[PDB]
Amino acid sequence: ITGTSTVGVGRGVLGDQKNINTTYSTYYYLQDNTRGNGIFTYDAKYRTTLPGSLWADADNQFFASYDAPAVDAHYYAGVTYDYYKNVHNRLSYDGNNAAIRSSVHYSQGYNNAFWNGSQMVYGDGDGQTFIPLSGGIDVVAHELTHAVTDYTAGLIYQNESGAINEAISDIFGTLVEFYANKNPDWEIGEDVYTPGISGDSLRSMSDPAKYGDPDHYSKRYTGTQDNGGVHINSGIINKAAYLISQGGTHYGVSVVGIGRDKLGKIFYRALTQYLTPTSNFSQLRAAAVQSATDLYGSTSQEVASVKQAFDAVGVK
């Protein structure tokens, strides 16, 4: 909407106070004009019609329980925008400052969140498996990364290309969590998953097998559930990314770690310059090797570590 840029204040899902960029015209709307062509957050009102209503508030204060998922969806979209712009020189998900739209309160007790090809959508969770999913910065950044993928590699959401698609989202969701630097880790969704159970998460990149996901190509899932295992076989790529960054020995193969920033540069270049809609795991290895070659040189430690990490997870 047309109005003047304002700064509201509220509390997120985890009870933390934060400022949010709003727009004033009669009401204060969750419309952040400071980033690209705007970040817009909507109320789906427990229905499944999308996007719903642009979030309107009478006083620019967002401390109600009902407001909390909207505060975090709006704020963490801003953090994710900042990461892509400041770290990768990418202006929004399309590289041309496309408006970022998110809807919260999707459906009733909905235990998921997703990018739908047009916008982000967050359930509130059922209070047992999840609390409102926008409370997790890694969740927000994971799903916005699907938009980046849509505009770049376009990895088809099935089988190995779909597992790469998922892993790319887990990788950048985690790198955004480190960028924001609040309780960062190599786990996925820990801030919103199972409020009654401490220390768990949806997936682990450092040890995918902790939740039964494969950490080696020889343990890959070949069935048809989950679009051919896109959230299962992502563990093989997540483990390789973790090893590239942090190093370690895995199934007797040693990997020299090169750190998170170089991991992000290598995978961002692979995603935007080399991967295609049908890339498989072997092609991802080749794309990552070539990306590290471009950035650091064919004789670099970085290239050698990429090779070691894919060797360690059984991907040639």
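Don't overthink the numbering: it's just position in the shown sequence, from 1.
- 83 to 91 and 196 to 204 differ in mean CA B-factor, and the higher of the two is recorded for 196 to 204.
- When 236 to 244 is weighed against 220 to 228, 220 to 228 comes out higher, by mean CA B-factor as recorded in the entry.
- Per the deposited record, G259 carries the highest C-alpha B-factor of all listed residues (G259, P51, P69, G38).
- Remark: of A44, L263, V289, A56, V289 shows the highest value [criterion: C-alpha B-factor in the PDB entry].
- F63: CA B factor lies in the middle third for its chain, per the PDB record.
- Per the PDB record, residue ranking by Cα B-factor puts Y251 in the highest third of the chain.
- Ranked by Cα temperature factor within the chain, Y179 sits in the highest third according to the deposited record.
- Sorting the modelled residues of the chain by their CA temperature factor places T129 in the highest third.
- When all modelled residues of the chain are sorted by CA temperature factor, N96 is found within the highest third.
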